[PDB]
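Okay, so here's the structure we're looking at.
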Amino acid sequence: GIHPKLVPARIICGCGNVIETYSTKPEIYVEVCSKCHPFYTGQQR
Amino acid sequence: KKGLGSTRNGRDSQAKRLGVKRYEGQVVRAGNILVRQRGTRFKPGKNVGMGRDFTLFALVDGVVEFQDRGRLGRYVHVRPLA
Amino acid sequence: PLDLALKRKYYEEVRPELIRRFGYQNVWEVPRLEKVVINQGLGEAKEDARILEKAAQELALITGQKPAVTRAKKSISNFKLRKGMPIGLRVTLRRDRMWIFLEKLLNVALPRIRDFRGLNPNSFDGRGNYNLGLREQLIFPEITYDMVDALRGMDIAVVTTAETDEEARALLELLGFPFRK
Amino acid sequence: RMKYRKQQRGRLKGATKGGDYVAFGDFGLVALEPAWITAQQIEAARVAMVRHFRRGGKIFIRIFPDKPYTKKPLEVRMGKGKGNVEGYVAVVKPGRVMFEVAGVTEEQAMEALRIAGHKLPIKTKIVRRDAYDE
Amino acid sequence: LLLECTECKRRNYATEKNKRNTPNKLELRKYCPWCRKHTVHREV
Amino acid sequence: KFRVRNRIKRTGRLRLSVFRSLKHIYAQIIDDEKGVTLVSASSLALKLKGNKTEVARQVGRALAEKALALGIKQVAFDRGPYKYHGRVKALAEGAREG
RNA sequence: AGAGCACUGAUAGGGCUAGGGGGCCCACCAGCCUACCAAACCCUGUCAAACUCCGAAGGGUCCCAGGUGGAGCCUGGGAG
RNA sequence: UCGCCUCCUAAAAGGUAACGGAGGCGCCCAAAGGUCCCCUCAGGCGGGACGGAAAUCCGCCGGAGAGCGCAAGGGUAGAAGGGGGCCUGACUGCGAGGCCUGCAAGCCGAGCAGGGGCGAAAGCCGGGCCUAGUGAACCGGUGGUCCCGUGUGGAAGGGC
RNA sequence: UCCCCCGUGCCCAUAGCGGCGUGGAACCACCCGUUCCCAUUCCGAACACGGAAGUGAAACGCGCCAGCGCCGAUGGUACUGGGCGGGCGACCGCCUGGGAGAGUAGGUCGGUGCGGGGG
Ligand SMILES: [Mg+2]
Ligand SMILES: [Mg+2]
Ligand SMILES: [Mg+2]
Ligand SMILES: [Mg+2]
Ligand SMILES: [Mg+2]
Ligand SMILES: [Mg+2]
Ligand SMILES: [Mg+2]
Ligand SMILES: [Mg+2]
Ligand SMILES: [Mg+2]
């Protein structure tokens, strides 16, 4: 290795969820679901 | 009539005898030198060679020749044999 | 490991819709993605010591792999660049490592951008090298706050197998690259 | 200019290559024998042309003083004359097309070049044109 | 800056130079002598 | 790019220029001065199998068999752009061993 | 030597064009014309001891052949 | 100004003078030394958070216009240029043959033995890309040495 | 003996640049994966191993063009040995040998030897 690997799990999208993960820190919540449709997604104004 | 004195432009350096020593078609012995020069203008070929100062010296007894590798430079060789 | 979201969404969708629009003869003509490169326009923290290196222990959180420092040659004295041995943090990432960041680019590291209209539709160099600029960095989800200090922006280039100026612009349009039209 | 300082001389050997042909112009001036034309007869020959016809024509000087003069001031012998006390000169050999102009007939231009031809130490011969273009 | 080196468990010398200010304050390297054959040389 | 082609050309002759491709490995013993090839050992041009490393080790044993009846003994390697590591070692390491 | 502008620098005219000069948009801070000064680049025509993409007549050296000339070589005495 | 280095004057072998025209040296490098391996510039165009004509990046063009410590010239990416590793051959004893040249010098150098470094091996290594960075001889200090050492034995001094 | 492909060597741009078509049977490259040898001042980018899902797009070799680039005569000229003449002057002229430079027509998108594989 020599650096932390790629432990996946869930990145807690704020909306509902996305799995995806790897990166580093597993159980990462993120506030805006960000894709997930929270704004600019299918247009919404 | 009393004027000024001096400049800065009389220095020079003394000669270095820069030349081709033996020429093409000259019998040369062993060790002789063939090219005293600045850099790699003529490059060492068959049975030639150089140390330090780009000095083409015959490794072995023979005849000296020139061939022109256009691109690859100018090459002084040695035809040992006879 | 070898299978991920936009990983699938690449082959399983993006390539085809690219060909019915345009029209490709061979297979190795589709704009697939070859390399993603990251460059830190630093120069600042060059001065002191307590901070300059910490611009690296984090850029392994966005790609799993540690980054790389680089320097210069020319002698510009306009700011303490004597002779030439300064700062230049960069990183490059391929395979899955080039995918997760993408999977984390247009999905979590997006909404929290000041005046987020999308992405630049004018910043095109013809050959598939669209460019942007990342001022803030907390938009990366891992880049929190509880272990940071201040601003450390950077800009990232993108490399394609594309041909035309309009080409990759379309490739972008299906991976998640909104513009302003 | 920028150049660098001063320069040796150069014996005007073969009255030749210092030579041309009436290019962009109607009539022109020629050199019968060589000299070192200076950056002070040129202008003197130039303005002498303009003054013949106010509001008109275009004079095409084709020589330039890119040469240093060198004179010492009353002293003895040491070093090399900084000189330039008259400035710069232009290496002129025969056959060279000194000037050439355009913009009028000949009765209004057989003289403008006849005049300025008197501002030169060397004999001159006005060139009509002769479409011998190479 | 002048310098010369002697060998270990036997004093005998050779020739070279050090530079001091360029942090090089110790100087010991291997070398070939004319008595015995090949060993560690010092300084002083 | 190549250098060591020149590096040997300084010393003696008998270029053993090895070509390695992704599934193929060809090894000659070519002499300059006269500028002519000799033992043209190969495998994808011979008939040997296809396991790469442990296949070069045998073509390496071919030149030995083939050359030692031609008046040959003088090693004079010619690494290409490659790096004396895997197949090039096995190709080699059988040579003098052959 | 000569000649040439492909490197080093120098130069007249024209051209298109980075910058600035006049004049509006009179100011988001950019823009267009221009008998204006100006480099990048091109054509026209050039300058050079310390420029050469080229290049002589001649010059030096080895081989062969003519060449016996107060030629040439070696050793030593003597000088000027 | 006096010694040494680079270009022209130097009239195409060498060399050439002038209180001619222009510039440098009296340093330096334990890595700037050797071996094995990886890589190849300046500049330009166009995109790129800083900065901004010029900061690290990226795509294209880019044959040498960059770099090679310092003046200049020759040379050179088909490396002598930029990184890494292992090393001390900036060894000892010799040294054919030669450039230059009045003497003294200065300079290049294959080949062998003792021993070693690098590399799988071919091979290379007797300092540095080179051309400047230096001082006959006399006198004296320091360390070794089968040496000489005054009637003899030590010693004193000398010698290599 | 010839043609294609591969390794390579010479003559050194009548090989180069750019564009255009072809080539995938074998050839070689792209390409799959980094478990082991090896490795990146991050990274299988490159070096490297294991290999058959895909392809000739890239890169590469082969044929056409002549825009750039290069090669380039004959002719004549500058110049110059050597002998000679004219002007005080800057310079010029004659004869016998040598003979350029650039510019013209023209040529050019290479030629060739060895081995190996496939025709
Ligand atoms: Mg020499
Ligand atoms: Mg030690
Ligand atoms: Mg001893
Ligand atoms: Mg030892
Ligand atoms: Mg001349
Ligand atoms: Mg005879
Ligand atoms: Mg070195
Ligand atoms: Mg350099
Ligand atoms: Mg058939």
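Identifiers in the structure tokens: chain A, B, ... in order shown; residue index from 1 per chain; ligand index from 1 in order shown.
Residues in contact with residue 103 (chain C) at 9 Å, where only C-alpha atoms (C1' of nucleotides) are counted and same-chain residues fewer than 6 positions away are skipped, are listed as residues 20 and 21 of chain A; 4, 5, 6 and 7 of chain C.
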Expected file: the selected residues, C-alpha atoms, as a compact mmCIF listing (two decimals), in the first residue's frame:
```txt
# COMPACT_ATOMS: atom_id res chain seq x y z
CA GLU A 20 -20.20 4.44 -4.63
CA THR A 21 -17.68 5.25 -1.86
CA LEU C 4 -18.44 1.46 -10.21
CA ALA C 5 -21.31 3.80 -11.04
CA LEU C 6 -20.20 6.13 -13.84
CA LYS C 7 -17.79 3.33 -14.69
```
Please identify all protein, DNA and RNA residues within 10 Å of ligand 7, counting only C-alpha atoms (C1' of nucleotides) and all ligand atoms, and report them as a PyMOL selection string. chain H and resi 31-34+68+80-81+128-129
For the selection just defined, write its residues with N, CA and C atoms (P, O5', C5', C4', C3', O3' and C1' of nucleotides) to a file, as a PDB file, in the first residue's frame.
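Below is the file that was written, result_26.pdb:
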```
ATOM      1  P     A H  31      28.735  15.681  -1.189  1.00  0.00           P
ATOM      2  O5'   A H  31      27.772  16.526  -2.127  1.00  0.00           O
ATOM      3  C5'   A H  31      27.423  16.067  -3.428  1.00  0.00           C
ATOM      4  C4'   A H  31      28.157  16.838  -4.491  1.00  0.00           C
ATOM      5  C3'   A H  31      27.731  16.555  -5.924  1.00  0.00           C
ATOM      6  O3'   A H  31      27.913  17.727  -6.705  1.00  0.00           O
ATOM      7  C1'   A H  31      29.986  15.915  -5.626  1.00  0.00           C
ATOM      8  P     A H  32      26.782  18.159  -7.749  1.00  0.00           P
ATOM      9  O5'   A H  32      27.578  18.400  -9.096  1.00  0.00           O
ATOM     10  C5'   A H  32      27.779  17.331 -10.005  1.00  0.00           C
ATOM     11  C4'   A H  32      28.922  17.616 -10.940  1.00  0.00           C
ATOM     12  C3'   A H  32      30.257  17.011 -10.537  1.00  0.00           C
ATOM     13  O3'   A H  32      30.973  16.642 -11.707  1.00  0.00           O
ATOM     14  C1'   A H  32      30.430  19.377 -10.584  1.00  0.00           C
ATOM     15  P     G H  33      30.784  15.170 -12.312  1.00  0.00           P
ATOM     16  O5'   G H  33      32.100  14.414 -11.854  1.00  0.00           O
ATOM     17  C5'   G H  33      33.381  14.954 -12.128  1.00  0.00           C
ATOM     18  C4'   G H  33      34.456  14.045 -11.609  1.00  0.00           C
ATOM     19  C3'   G H  33      34.210  12.573 -11.878  1.00  0.00           C
ATOM     20  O3'   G H  33      34.695  12.183 -13.145  1.00  0.00           O
ATOM     21  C1'   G H  33      34.671  12.882  -9.591  1.00  0.00           C
ATOM     22  P     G H  34      33.674  11.883 -14.338  1.00  0.00           P
ATOM     23  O5'   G H  34      33.631  10.301 -14.378  1.00  0.00           O
ATOM     24  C5'   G H  34      34.834   9.569 -14.525  1.00  0.00           C
ATOM     25  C4'   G H  34      34.756   8.217 -13.865  1.00  0.00           C
ATOM     26  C3'   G H  34      33.647   7.303 -14.338  1.00  0.00           C
ATOM     27  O3'   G H  34      33.958   6.669 -15.558  1.00  0.00           O
ATOM     28  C1'   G H  34      33.783   7.247 -11.979  1.00  0.00           C
ATOM     29  P     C H  68      24.066  26.096 -17.487  1.00  0.00           P
ATOM     30  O5'   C H  68      25.075  24.976 -17.974  1.00  0.00           O
ATOM     31  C5'   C H  68      25.048  23.694 -17.376  1.00  0.00           C
ATOM     32  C4'   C H  68      25.973  22.730 -18.066  1.00  0.00           C
ATOM     33  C3'   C H  68      27.443  23.097 -18.073  1.00  0.00           C
ATOM     34  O3'   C H  68      28.065  22.771 -16.842  1.00  0.00           O
ATOM     35  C1'   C H  68      26.781  22.332 -20.216  1.00  0.00           C
ATOM     36  P     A H  80      27.913  11.548 -22.702  1.00  0.00           P
ATOM     37  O5'   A H  80      28.812  12.704 -22.110  1.00  0.00           O
ATOM     38  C5'   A H  80      28.525  13.250 -20.831  1.00  0.00           C
ATOM     39  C4'   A H  80      29.008  14.671 -20.726  1.00  0.00           C
ATOM     40  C3'   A H  80      27.910  15.720 -20.748  1.00  0.00           C
ATOM     41  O3'   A H  80      28.285  16.809 -19.926  1.00  0.00           O
ATOM     42  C1'   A H  80      29.340  16.030 -22.603  1.00  0.00           C
ATOM     43  P     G H  81      27.512  17.028 -18.550  1.00  0.00           P
ATOM     44  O5'   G H  81      26.095  17.558 -19.020  1.00  0.00           O
ATOM     45  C5'   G H  81      25.989  18.725 -19.818  1.00  0.00           C
ATOM     46  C4'   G H  81      24.560  19.183 -19.912  1.00  0.00           C
ATOM     47  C3'   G H  81      23.693  18.827 -18.718  1.00  0.00           C
ATOM     48  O3'   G H  81      23.817  19.742 -17.650  1.00  0.00           O
ATOM     49  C1'   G H  81      22.604  18.147 -20.676  1.00  0.00           C
ATOM     50  P     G H 128      39.231  14.833 -16.701  1.00  0.00           P
ATOM     51  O5'   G H 128      37.920  15.393 -16.004  1.00  0.00           O
ATOM     52  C5'   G H 128      36.686  14.697 -16.116  1.00  0.00           C
ATOM     53  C4'   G H 128      35.590  15.375 -15.336  1.00  0.00           C
ATOM     54  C3'   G H 128      34.910  16.534 -16.052  1.00  0.00           C
ATOM     55  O3'   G H 128      33.577  16.653 -15.560  1.00  0.00           O
ATOM     56  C1'   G H 128      35.966  17.335 -14.118  1.00  0.00           C
ATOM     57  P     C H 129      32.331  16.843 -16.554  1.00  0.00           P
ATOM     58  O5'   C H 129      32.964  16.808 -18.008  1.00  0.00           O
ATOM     59  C5'   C H 129      32.331  17.497 -19.074  1.00  0.00           C
ATOM     60  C4'   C H 129      33.185  17.509 -20.312  1.00  0.00           C
ATOM     61  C3'   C H 129      34.344  18.481 -20.308  1.00  0.00           C
ATOM     62  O3'   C H 129      35.451  18.009 -19.565  1.00  0.00           O
ATOM     63  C1'   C H 129      33.220  18.601 -22.377  1.00  0.00           C
TER      64        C H 129
END
```
For residue 127 (chain D), list every protein, DNA or RNA residue within 8 Å, evaluated using only C-alpha atoms (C1' of nucleotides), and leave out those in the same chain fewer than 5 positions away; present the list as a list in words.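 Once the nearby chain positions are removed, what remains is residues 22, 27, 28, 29 and 30 of chain D.
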Would you list the residues that come within 8 Å of ligand 2? Count only C-alpha atoms (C1' of nucleotides) and all ligand atoms and give the answer as number ranges by chain. E: 28-30, 40
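CA of residue 114 (chain D) sits 25.9 Å away from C1' of residue 44 (chain G).
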Which chains and residue numbers are within 10 Å of ligand 5, counting only C-alpha atoms (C1' of nucleotides) and all ligand atoms, if I want them as a list in words?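 Those within range of ligand 5 are residues 10, 11, 12 and 13 of chain D; 1, 2, 3, 48 and 49 of chain G.
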Write as a PDB file with N, CA and C atoms (P, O5', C5', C4', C3', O3' and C1' of nucleotides), in the first residue's frame the residues around ligand 1, taking 12 Å as the cut-off and counting only C-alpha atoms (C1' of nucleotides) and all ligand atoms.
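Saved as out12.pdb:
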```pdb
ATOM      1  N   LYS B  16      47.577  28.029 -29.943  1.00  0.00           N
ATOM      2  CA  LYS B  16      47.336  26.650 -29.487  1.00  0.00           C
ATOM      3  C   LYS B  16      47.587  25.584 -30.560  1.00  0.00           C
ATOM      4  N   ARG B  17      48.123  25.946 -31.724  1.00  0.00           N
ATOM      5  CA  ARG B  17      48.479  24.961 -32.752  1.00  0.00           C
ATOM      6  C   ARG B  17      47.305  24.033 -33.013  1.00  0.00           C
ATOM      7  N   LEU B  18      46.215  24.652 -33.441  1.00  0.00           N
ATOM      8  CA  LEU B  18      44.982  23.918 -33.687  1.00  0.00           C
ATOM      9  C   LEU B  18      44.960  23.391 -35.116  1.00  0.00           C
ATOM     10  N   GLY B  19      45.035  22.075 -35.259  1.00  0.00           N
ATOM     11  CA  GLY B  19      45.010  21.573 -36.617  1.00  0.00           C
ATOM     12  C   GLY B  19      44.902  20.065 -36.686  1.00  0.00           C
ATOM     13  N   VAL B  20      44.685  19.594 -37.905  1.00  0.00           N
ATOM     14  CA  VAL B  20      44.879  18.186 -38.205  1.00  0.00           C
ATOM     15  C   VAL B  20      46.380  17.930 -38.344  1.00  0.00           C
ATOM     16  N   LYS B  21      46.891  16.978 -37.551  1.00  0.00           N
ATOM     17  CA  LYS B  21      48.297  16.560 -37.580  1.00  0.00           C
ATOM     18  C   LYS B  21      48.626  15.626 -38.755  1.00  0.00           C
ATOM     19  N   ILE B  33      49.392  11.141 -32.937  1.00  0.00           N
ATOM     20  CA  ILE B  33      48.158  11.896 -32.811  1.00  0.00           C
ATOM     21  C   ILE B  33      47.837  12.404 -34.210  1.00  0.00           C
ATOM     22  N   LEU B  34      46.547  12.582 -34.440  1.00  0.00           N
ATOM     23  CA  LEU B  34      46.009  12.872 -35.749  1.00  0.00           C
ATOM     24  C   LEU B  34      45.241  14.184 -35.759  1.00  0.00           C
ATOM     25  N   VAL B  35      44.487  14.475 -34.694  1.00  0.00           N
ATOM     26  CA  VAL B  35      43.692  15.686 -34.613  1.00  0.00           C
ATOM     27  C   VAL B  35      43.830  16.258 -33.215  1.00  0.00           C
ATOM     28  N   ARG B  36      44.517  17.409 -33.133  1.00  0.00           N
ATOM     29  CA  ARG B  36      44.393  18.419 -32.083  1.00  0.00           C
ATOM     30  C   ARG B  36      43.315  19.455 -32.494  1.00  0.00           C
ATOM     31  N   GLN B  37      42.313  19.677 -31.620  1.00  0.00           N
ATOM     32  CA  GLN B  37      41.075  20.374 -31.995  1.00  0.00           C
ATOM     33  C   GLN B  37      40.284  20.804 -30.758  1.00  0.00           C
ATOM     34  N   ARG B  38      39.293  21.676 -30.994  1.00  0.00           N
ATOM     35  CA  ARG B  38      38.396  22.158 -29.946  1.00  0.00           C
ATOM     36  C   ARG B  38      37.028  21.528 -30.110  1.00  0.00           C
ATOM     37  N   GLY B  39      36.763  20.486 -29.328  1.00  0.00           N
ATOM     38  CA  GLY B  39      35.492  19.809 -29.433  1.00  0.00           C
ATOM     39  C   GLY B  39      35.606  18.574 -30.311  1.00  0.00           C
ATOM     40  N   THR B  40      34.450  18.132 -30.830  1.00  0.00           N
ATOM     41  CA  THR B  40      34.368  16.915 -31.631  1.00  0.00           C
ATOM     42  C   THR B  40      34.046  17.245 -33.088  1.00  0.00           C
ATOM     43  N   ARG B  41      34.963  17.965 -33.724  1.00  0.00           N
ATOM     44  CA  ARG B  41      34.761  18.363 -35.110  1.00  0.00           C
ATOM     45  C   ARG B  41      35.001  17.204 -36.081  1.00  0.00           C
ATOM     46  N   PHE B  42      36.158  16.580 -35.973  1.00  0.00           N
ATOM     47  CA  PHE B  42      36.403  15.282 -36.566  1.00  0.00           C
ATOM     48  C   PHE B  42      36.288  14.285 -35.410  1.00  0.00           C
ATOM     49  N   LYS B  43      35.507  13.168 -35.621  1.00  0.00           N
ATOM     50  CA  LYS B  43      35.215  12.232 -34.548  1.00  0.00           C
ATOM     51  C   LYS B  43      36.079  10.968 -34.724  1.00  0.00           C
ATOM     52  N   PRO B  44      36.427  10.294 -33.623  1.00  0.00           N
ATOM     53  CA  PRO B  44      37.329   9.125 -33.720  1.00  0.00           C
ATOM     54  C   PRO B  44      36.706   7.890 -34.387  1.00  0.00           C
ATOM     55  N   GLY B  49      40.579   7.235 -31.473  1.00  0.00           N
ATOM     56  CA  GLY B  49      40.129   7.378 -30.104  1.00  0.00           C
ATOM     57  C   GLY B  49      40.600   8.701 -29.554  1.00  0.00           C
ATOM     58  N   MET B  50      40.001   9.089 -28.428  1.00  0.00           N
ATOM     59  CA  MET B  50      40.349  10.363 -27.821  1.00  0.00           C
ATOM     60  C   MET B  50      40.213  10.314 -26.299  1.00  0.00           C
ATOM     61  N   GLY B  51      41.153  10.996 -25.639  1.00  0.00           N
ATOM     62  CA  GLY B  51      41.023  11.347 -24.240  1.00  0.00           C
ATOM     63  C   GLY B  51      40.946  12.854 -24.040  1.00  0.00           C
ATOM     64  N   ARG B  52      40.122  13.270 -23.069  1.00  0.00           N
ATOM     65  CA  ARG B  52      40.189  14.612 -22.493  1.00  0.00           C
ATOM     66  C   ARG B  52      39.935  15.785 -23.479  1.00  0.00           C
ATOM     67  N   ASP B  53      40.825  15.982 -24.484  1.00  0.00           N
ATOM     68  CA  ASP B  53      40.972  17.225 -25.261  1.00  0.00           C
ATOM     69  C   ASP B  53      40.600  17.017 -26.730  1.00  0.00           C
ATOM     70  N   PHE B  54      39.878  15.926 -26.988  1.00  0.00           N
ATOM     71  CA  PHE B  54      39.398  15.552 -28.310  1.00  0.00           C
ATOM     72  C   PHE B  54      40.549  15.195 -29.271  1.00  0.00           C
ATOM     73  N   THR B  55      41.555  14.472 -28.755  1.00  0.00           N
ATOM     74  CA  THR B  55      42.806  14.255 -29.477  1.00  0.00           C
ATOM     75  C   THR B  55      42.784  12.887 -30.150  1.00  0.00           C
ATOM     76  N   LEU B  56      42.654  12.909 -31.473  1.00  0.00           N
ATOM     77  CA  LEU B  56      42.553  11.681 -32.244  1.00  0.00           C
ATOM     78  C   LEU B  56      43.955  11.102 -32.419  1.00  0.00           C
ATOM     79  N   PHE B  57      44.165   9.944 -31.820  1.00  0.00           N
ATOM     80  CA  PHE B  57      45.431   9.233 -31.801  1.00  0.00           C
ATOM     81  C   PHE B  57      45.214   7.783 -32.247  1.00  0.00           C
TER      82      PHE B  57
ATOM     83  P     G H  74      31.751  29.280 -32.523  1.00  0.00           P
ATOM     84  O5'   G H  74      32.505  27.890 -32.404  1.00  0.00           O
ATOM     85  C5'   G H  74      33.566  27.573 -33.286  1.00  0.00           C
ATOM     86  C4'   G H  74      34.186  26.249 -32.943  1.00  0.00           C
ATOM     87  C3'   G H  74      33.236  25.074 -32.836  1.00  0.00           C
ATOM     88  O3'   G H  74      32.842  24.545 -34.085  1.00  0.00           O
ATOM     89  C1'   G H  74      34.670  25.056 -30.990  1.00  0.00           C
ATOM     90  P     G H  75      31.387  23.903 -34.247  1.00  0.00           P
ATOM     91  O5'   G H  75      31.350  22.758 -33.149  1.00  0.00           O
ATOM     92  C5'   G H  75      32.131  21.584 -33.296  1.00  0.00           C
ATOM     93  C4'   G H  75      32.074  20.721 -32.064  1.00  0.00           C
ATOM     94  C3'   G H  75      30.727  20.101 -31.765  1.00  0.00           C
ATOM     95  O3'   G H  75      30.496  18.934 -32.527  1.00  0.00           O
ATOM     96  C1'   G H  75      31.594  21.070 -29.802  1.00  0.00           C
ATOM     97  P     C H  99      54.858  14.634 -33.834  1.00  0.00           P
ATOM     98  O5'   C H  99      53.749  15.593 -33.236  1.00  0.00           O
ATOM     99  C5'   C H  99      52.520  15.779 -33.913  1.00  0.00           C
ATOM    100  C4'   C H  99      51.674  16.811 -33.223  1.00  0.00           C
ATOM    101  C3'   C H  99      52.332  18.164 -33.046  1.00  0.00           C
ATOM    102  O3'   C H  99      52.136  18.982 -34.180  1.00  0.00           O
ATOM    103  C1'   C H  99      51.417  17.443 -30.989  1.00  0.00           C
ATOM    104  P     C H 107      50.371  20.130 -18.603  1.00  0.00           P
ATOM    105  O5'   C H 107      50.071  19.507 -20.034  1.00  0.00           O
ATOM    106  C5'   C H 107      49.171  20.154 -20.918  1.00  0.00           C
ATOM    107  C4'   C H 107      48.885  19.337 -22.152  1.00  0.00           C
ATOM    108  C3'   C H 107      48.535  17.879 -21.937  1.00  0.00           C
ATOM    109  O3'   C H 107      47.198  17.688 -21.521  1.00  0.00           O
ATOM    110  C1'   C H 107      50.047  18.078 -23.734  1.00  0.00           C
ATOM    111  P     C H 108      46.765  16.304 -20.843  1.00  0.00           P
ATOM    112  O5'   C H 108      46.707  15.286 -22.061  1.00  0.00           O
ATOM    113  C5'   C H 108      45.756  15.466 -23.095  1.00  0.00           C
ATOM    114  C4'   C H 108      45.947  14.489 -24.226  1.00  0.00           C
ATOM    115  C3'   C H 108      45.951  13.022 -23.866  1.00  0.00           C
ATOM    116  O3'   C H 108      44.675  12.492 -23.575  1.00  0.00           O
ATOM    117  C1'   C H 108      47.679  13.449 -25.398  1.00  0.00           C
ATOM    118  P     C H 129      32.331  16.843 -16.554  1.00  0.00           P
ATOM    119  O5'   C H 129      32.964  16.808 -18.008  1.00  0.00           O
ATOM    120  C5'   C H 129      32.331  17.497 -19.074  1.00  0.00           C
ATOM    121  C4'   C H 129      33.185  17.509 -20.312  1.00  0.00           C
ATOM    122  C3'   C H 129      34.344  18.481 -20.308  1.00  0.00           C
ATOM    123  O3'   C H 129      35.451  18.009 -19.565  1.00  0.00           O
ATOM    124  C1'   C H 129      33.220  18.601 -22.377  1.00  0.00           C
ATOM    125  P     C H 130      36.452  19.051 -18.876  1.00  0.00           P
ATOM    126  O5'   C H 130      37.200  19.707 -20.107  1.00  0.00           O
ATOM    127  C5'   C H 130      37.963  18.893 -20.978  1.00  0.00           C
ATOM    128  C4'   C H 130      38.365  19.621 -22.230  1.00  0.00           C
ATOM    129  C3'   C H 130      39.173  20.881 -22.039  1.00  0.00           C
ATOM    130  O3'   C H 130      40.522  20.621 -21.706  1.00  0.00           O
ATOM    131  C1'   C H 130      37.525  21.243 -23.680  1.00  0.00           C
ATOM    132  P     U H 131      41.304  21.601 -20.712  1.00  0.00           P
ATOM    133  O5'   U H 131      41.675  22.828 -21.640  1.00  0.00           O
ATOM    134  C5'   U H 131      42.323  22.600 -22.875  1.00  0.00           C
ATOM    135  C4'   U H 131      42.203  23.782 -23.792  1.00  0.00           C
ATOM    136  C3'   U H 131      42.647  25.105 -23.219  1.00  0.00           C
ATOM    137  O3'   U H 131      44.051  25.250 -23.181  1.00  0.00           O
ATOM    138  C1'   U H 131      40.603  25.391 -24.339  1.00  0.00           C
TER     139        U H 131
END
```
Up to 6 Å from chain I, what residues of chain F turn up? Count only C-alpha atoms (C1' of nucleotides) and give them as a PyMOL selection string. chain F and resi 35-37+45
Writing out the chosen residues with C-alpha atoms as a PDB file, in the first residue's frame:
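Result file follows (selection29.pdb):
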```pdb
ATOM      1  CA  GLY F  35      27.429  -6.051 -41.766  1.00  0.00           C
ATOM      2  CA  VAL F  36      25.819  -9.481 -42.015  1.00  0.00           C
ATOM      3  CA  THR F  37      23.684 -11.600 -39.697  1.00  0.00           C
ATOM      4  CA  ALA F  45       9.783 -17.687 -36.084  1.00  0.00           C
TER       5      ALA F  45
END
```
Give the strand (DSSP E or B) residues of chain E, as DSSP finds them on the backbone, and put them as a PyMOL selection string. chain E and resi 2-3+6-7+13+16-17+29-31+39-41
Just list the residues in chain F DSSP gives alpha helix (DSSP H) on the backbone, as a ChimeraX atom specification. /F:4-10,53-67,87-93
Fewer than 5 positions away in the same chain doesn't count, so skip those; otherwise give me all residues within 9 Å of region 48-56 of chain F, counting only C-alpha atoms (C1' of nucleotides), as an NGL selection string. (:F and (22-26 or 42-43 or 61 or 86-92 or 94)) or (:I and (49-50))
Return as an MDAnalysis selection string the residues of protein, DNA or RNA that approach ligand 6 to within 7 Å, with only C-alpha atoms (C1' of nucleotides) and all ligand atoms taken into account. chainID G and resid 65:67
Please check which protein, DNA or RNA residues sit within 12 Å of ligand 8, counting only C-alpha atoms (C1' of nucleotides) and all ligand atoms, and write them as a list in words. residues 40, 41, 42, 64, 66, 67, 68, 69, 76, 77, 79, 80, 81, 82 and 129 of chain H
Given a cut-off of 8 Å, which residues of chain A touch chain C, counting only C-alpha atoms, written out as a list in words? residues 3, 4, 5, 6, 13, 20, 21, 22, 23, 24, 25, 28, 30, 32, 33, 34, 35 and 36 of chain A
Taking C-alpha atoms for each residue, export the selection above as an mmCIF file, in the first residue's frame.
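Written output follows (out06.cif):
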```cif
data_model
loop_
_atom_site.group_PDB
_atom_site.id
_atom_site.type_symbol
_atom_site.label_atom_id
_atom_site.label_comp_id
_atom_site.auth_asym_id
_atom_site.auth_seq_id
_atom_site.Cartn_x
_atom_site.Cartn_y
_atom_site.Cartn_z
ATOM 1 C CA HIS A 3 -1.135 4.911 1.549
ATOM 2 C CA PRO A 4 -4.678 3.972 2.877
ATOM 3 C CA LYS A 5 -6.551 1.840 0.319
ATOM 4 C CA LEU A 6 -10.113 2.265 -0.959
ATOM 5 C CA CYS A 13 -26.278 11.576 0.149
ATOM 6 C CA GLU A 20 -20.204 4.440 -4.628
ATOM 7 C CA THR A 21 -17.679 5.251 -1.863
ATOM 8 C CA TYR A 22 -14.008 4.153 -1.800
ATOM 9 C CA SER A 23 -12.139 7.479 -1.379
ATOM 10 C CA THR A 24 -11.098 7.044 2.286
ATOM 11 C CA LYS A 25 -13.480 7.799 5.242
ATOM 12 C CA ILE A 28 -19.379 9.914 5.254
ATOM 13 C CA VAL A 30 -22.796 14.817 3.046
ATOM 14 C CA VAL A 32 -26.806 18.487 0.038
ATOM 15 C CA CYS A 33 -27.535 15.202 -1.677
ATOM 16 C CA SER A 34 -25.811 17.103 -4.476
ATOM 17 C CA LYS A 35 -26.540 14.904 -7.450
ATOM 18 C CA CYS A 36 -29.619 13.055 -6.071
#
```
